[PDB]
Amino acid sequence: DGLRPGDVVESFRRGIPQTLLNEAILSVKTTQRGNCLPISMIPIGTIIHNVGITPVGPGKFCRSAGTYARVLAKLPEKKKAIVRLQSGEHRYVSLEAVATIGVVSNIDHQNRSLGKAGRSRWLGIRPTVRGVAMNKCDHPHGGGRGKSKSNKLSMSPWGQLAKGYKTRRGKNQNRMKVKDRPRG
Amino acid sequence: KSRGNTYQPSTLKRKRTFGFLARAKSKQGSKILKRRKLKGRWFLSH
RNA sequence: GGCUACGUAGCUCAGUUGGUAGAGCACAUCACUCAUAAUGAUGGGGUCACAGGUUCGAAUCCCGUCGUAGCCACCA
RNA sequence: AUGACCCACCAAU
RNA sequence: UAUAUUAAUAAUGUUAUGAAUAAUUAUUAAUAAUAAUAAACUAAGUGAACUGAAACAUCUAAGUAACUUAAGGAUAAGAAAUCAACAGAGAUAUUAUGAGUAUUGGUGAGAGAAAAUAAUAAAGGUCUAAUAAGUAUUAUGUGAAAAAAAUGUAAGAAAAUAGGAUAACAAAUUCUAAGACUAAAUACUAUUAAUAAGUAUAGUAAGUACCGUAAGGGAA
RNA sequence: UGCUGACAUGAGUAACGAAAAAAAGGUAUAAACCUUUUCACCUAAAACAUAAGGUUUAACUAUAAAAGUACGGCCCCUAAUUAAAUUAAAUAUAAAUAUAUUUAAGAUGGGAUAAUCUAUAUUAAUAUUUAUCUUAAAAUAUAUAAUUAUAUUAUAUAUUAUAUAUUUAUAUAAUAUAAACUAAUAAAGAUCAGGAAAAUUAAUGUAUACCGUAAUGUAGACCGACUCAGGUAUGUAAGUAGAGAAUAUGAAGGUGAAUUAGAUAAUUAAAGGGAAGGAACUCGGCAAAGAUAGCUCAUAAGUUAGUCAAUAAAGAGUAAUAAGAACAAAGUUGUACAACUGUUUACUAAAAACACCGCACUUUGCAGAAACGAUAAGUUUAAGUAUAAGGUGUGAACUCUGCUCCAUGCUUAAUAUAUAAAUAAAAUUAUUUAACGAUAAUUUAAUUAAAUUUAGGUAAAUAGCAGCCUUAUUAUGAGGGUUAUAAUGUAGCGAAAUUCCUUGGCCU
RNA sequence: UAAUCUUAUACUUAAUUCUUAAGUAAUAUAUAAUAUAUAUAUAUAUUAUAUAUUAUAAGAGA
């Protein structure tokens, strides 16, 4: 959020520096906006980002504009650590994975207002044609005289339901999630 | 918009697509060539 | 225009898969009150809109008129 | 004398 | 870059206090490469639709077309765990007959053997395996319209004192799986020869001219 | 409407495909070919250079000359990308093949030196766009320890005189135009954040490969069946004018054409002009008509504050007073609908359709949702990670978005709850046997799924959103009465692109 | 959890090279057993013994 130029950040993954070893004792300085540390050092409750999944792996969660996760709890024995990700989902992350204290930057990409279809193209977003605009051959919502929804349940061009239909289901689900994200 | 001029020559492109060596290199093209030979064709490719 | 459902006790609404002569509200008569009105306790009215027909017995039923929202919508 | 009308009641700290 | 390289030498030839450095040329040695090669037939993998059923979904069409792969002059098959029936036969193949018969089928359309008897045909029997187990079988999902053998998954034998074959069973009978080889009769091509109530629109050109971006089409 | 061929008819008809011709002579032969002269058309082109393409079409067979510097190719290197290539066992797959990695290919791009000409070889080592403002400075007037003044403003060249070297060498100061435009430069604004890939000296070389080269290229020489008013890449592109490559002209150049000559009825096309009217036309002002600087001022209501409106309209000055090139410039207002700029039926539909920015919903935690994948590996999503990606609806913003889960789905929890496959068993069975046995069937205990059912929830999911009667002298109907639903149409808006009747009533 | 499973990253003979063997060496895993011992345990180390010459690391996990 506030890493402006001319500041000093650290990385504690490779064990607390042999520098601060010579000189609780310093955990205050240890948890500072921007310094990396295996969650096994993060005070429970610290808003974090760049949350990982494996103790020998890259940051792979909350790595976007305005995103902020939180170490919810640190099962000391199992070697995992409940964390609240941006969605609001409590997932187990290896207690010894990479997470960086600090809400990510651009906390206002959530106010940007590309106001001309041109801006969208410079960014890389070709136009979405609505299912209701199409012919029946092209999309289930297509067809009809005038404008109609065909009494057809909101769904994709390939018949997957669009509103509410849980796509990851059955045996193939997330093993590591403690509490599912808040829904609606 | 007047039609009719769908052919727009460019030697390089023609040789890439319909040239002998292109036919030779692909399996499908080799099969075509063989078929033309069997027929008796004088000109197998561009 | 044959062609679907509806014609009730003053008012509204009954009832249903028969085993029938309901409800309040209004009204009349008391009472309560200083006098009303509520409240209370007492009686009123069904041809359960007309024909014909059936099981032991159809408000019910079948069997269609005198009655209630109606029926047009292959045009080059 | 002017002078036809009056109307509402509900239940405890 | 084989009129190459690696040398070695021969000689004119150089930097060089013969002499070690190379420059050719010349010999000799030694070291490498050189896919155009058919089509048809055959075997295998995959496998339609129209159509038929006066519709149509089963079924047919049809294991056909088509696509893929691979092998040879052919290949495939081939010497019985075959048939049969109380008699018997003796590899395989093709044809006739059996026979449109038994069998089979939305018991419709339709599909349909074998034995046996003859033809054709070649020397037509013969060791190659220390005899065959995740195999016989079984259960199950499939599986040449009849007629089975196969195959995914998984269970799973036995020694001839055995084992296959018949819903089953009892008799009887026959044969030896899980190891092999095999001419000839055949398909196809090309050639020669012979015969043509075949061809001059099936009689030589041309896959050319020409149309198409292309596969492909295709004259006179 | 048989096929092939031949030949008729229409018919000597229509047509001869934007056009400027004349003459004289080649040549007692020429509308059509050559030459000369006149006239004309094109001229930010019908010109000059070119790219691509092609029956060589050429100023042609006695033919389109390259060591390299305003030559290209070839070559070196890569992009997009491609590849019977690549890597006991690269991965996956009826076969085909596919994927990933390597490797080799792939120009539309990159690529050494050079007119005071230049030398590539072998060997040893070791850059999206966009701008160039301001300010400041130097300078000619003022005036002459001023203020104004307007121009100058980074580059490139010769000259002169020096100065340093000894007539080269280079430095140094000295004078020296307006407009374009160009190249190397510098410093600099934004968001849309802006390719890849291929050493050094020194020594020693270097007897210079091949290939394009014509002409045609806004066209008769390519694509369009034609010598086809179609299509076809690039730089130039006299001057004079102007803001300009607009518009006029057009020096030079290049043209004047496979139809001419007459004729100019009716009639059609393409134009010009038009009395008095002035939209009376008509489906409808379709078409045509209409311009009182183009510059400089000046410019309303409204409004999302954006000279949006707006190039406002009118009006003004510079010019003009009878008028006396072309070219840009074509009024205003209400309504419906759509916010916009855009997209779409290439060849009948350009809109009221699509898109969009915004809004909402919703999925997916990333060994992910989506999509593709005879089916996989795997790929895109993304070298992204919920403020992301995918789907879905609405379609800027104001003011606003009410009610219902009936149905249908989605979602959640229930040991409510039927059932399918799958088992040791051992038993009635049969059938067979002489019994043993064997082969089927058939039950029967164990731990029951998802599903459905049922209960939530979920309508910016899909969807849905009452009737009758009666009432204040008449009228209406707040009120009253019944019934009925899952809920009972709410605020808007309303003869609407929604209105049948209906050309609804009333107003302009 | 060595079921599945994801991800990541010397030398001598013998038969220039390569393979086998043996011998040791080497590493490491431990074992045999001691050392010096301490809070019946043990740091180890050790000679010696086993015995190696896809691993490892991370995650998932019957």
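Amide H contacts for A:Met155 (H built 1.01 Å from N in the peptide plane; partners 5 or more residues away or on another chain; cut-off under 5 Å): A:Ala162.
Working from Cα pairs under 8 Å separated by at least six residues, relative contact order for the range A:51-184 is 22 percent. Ranked for footprinting exposure by Cβ neighbours inside 10 Å, fewest first, A:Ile44, A:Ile16, A:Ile101 give A:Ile44, A:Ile16, A:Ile101. Qualifying GluC sites (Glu not before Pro) in the range A:44-113, where qualification requires a DSSP coil assignment and no more than 10 other C-beta atoms within 10 Å, comprise A:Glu77.
Test of understanding: ordering A:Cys36, A:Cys137 by Cβ neighbours within 10 Å, fewest first, what list do you get?
Working: A:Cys36 17, A:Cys137 7.
So the ranking, lowest neighbour count to highest, is A:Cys137, A:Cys36.
For the range A:87-98, 3J(HN,Hα) computed residue by residue from phi via the Karplus equation (6.51, -1.76, 1.60; θ = phi - 60°) reads 4, x, 9, 8, 10, 6, 10, 3, 3, 10, 10, 8 Hz, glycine and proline entered as x. For chain B, the relative contact order is 35 percent, taking Cα pairs closer than 8 Å that sit 6 or more residues apart in sequence and dividing their mean separation by the residue count. To the nearest ten degrees, helix B:27-39 and the longest principal axis of the Cα atoms of chain B are 80 degrees apart. Amide H contacts for A:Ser105 (H built 1.01 Å from N in the peptide plane; partners 5 or more residues away or on another chain; cut-off under 5 Å): A:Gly66. For A:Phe61, nonlocal amide neighbours, meaning residues 5 or more places apart or on other chains whose placed amide H falls under 5 Å from its own, are A:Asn50, A:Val51. The range A:81-116 and the range A:44-59 have Cα centres separated by 10 Å. Straight-distance candidates among the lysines for linking to B:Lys15, with alpha-carbon spacing under 30 Å and chain neighbours fewer than 8 residues away dropped: B:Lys1, B:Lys25, B:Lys27, B:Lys31, B:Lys34, B:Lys37, B:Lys39.
In debye, nearest 20, what is the charge dipole magnitude of chain B about its Cα centre with +1 on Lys and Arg Cβ and -1 on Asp and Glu Cβ, if you could check? If you can, show how the numbers build up before the last one.
Details: 16 positive and 0 negative charges, 39 e Å.
I would put it at about 180 debye.
Think of the range A:56-175 as a dipole: +1 on every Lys or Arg Cβ, -1 on every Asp or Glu Cβ, centred on the Cα centre; then among A:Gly142, A:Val98, A:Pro76, A:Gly142 lies furthest on the positive end. Phi-derived couplings, Karplus 6.51 cos²θ - 1.76 cosθ + 1.60 at θ = phi - 60°, listed residue by residue for the range A:134-149: 6, 7, 4, 4, 8, 7, x, 4, x, x, x, 8, x, 10, 9, 9 Hz, with x used for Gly and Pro.
Taken about its Cα centre, the protein assembly as shown carries a charge dipole of about 2900 debye when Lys and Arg each add +1 at the Cβ and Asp and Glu each add -1 at the Cβ.
Measuring against 22 Å, Cα to Cα, the residue pairs A:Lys29/A:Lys60; A:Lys80/A:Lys179; A:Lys78/A:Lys177 contain A:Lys29/A:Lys60 as the ones spanning a longer distance.
With ideal geometry, Cβ positions are generated from the backbone for all residues, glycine too; neighbour counts draw on all protein chains shown. Every number in this text was worked out from the coordinates using simple rules, so none of it is lab data.
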